[PDB]
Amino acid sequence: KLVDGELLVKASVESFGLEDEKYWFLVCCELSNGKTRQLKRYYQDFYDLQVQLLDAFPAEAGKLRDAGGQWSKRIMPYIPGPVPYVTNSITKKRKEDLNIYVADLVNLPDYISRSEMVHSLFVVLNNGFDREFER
């Protein structure tokens, strides 16, 4: 979903935590009308978006080849990779990497950043956590 007059202008990952063996990240964002959100996301949420984005924008993902055989220029940011066993030290580094990743996303060209797809990660979910604050 997109809301006219309320588009993403800033995003961050501020912290991580553990609840019953599962690590989570605090994602914050600011909208163009000055509203902000505090959100809870798991690594998988970022991974699932990234899979969607690389598929939806193959050229910008560096996944296309021209007639000459040269790969298209990549402007899409990278996510930290999936791991067989999640640990505190892996999660700590992910928090740092994901912070940069989400800021980079919201700054992509309009035709990518303003997409339902990119905005989907930042929607308030009925997950017993996510909240939107007035300006």
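In case it trips you up, residue 1 is the first one in the sequence shown, and so on.
Of the two stretches examined, 6-14 and 111-119, the record assigns the greater average C-alpha temperature factor to 111-119. Taking the PDB entry as given, 68-76 carries the higher mean Cα B factor of the two stretches 30-38 and 68-76. Of all the options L98, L49, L105, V86, the entry's greatest CA B-factor is assigned to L105. Per the deposited record, the Cα B-factor of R94 falls in the lowest third when ranked against the other modelled residues of its chain.
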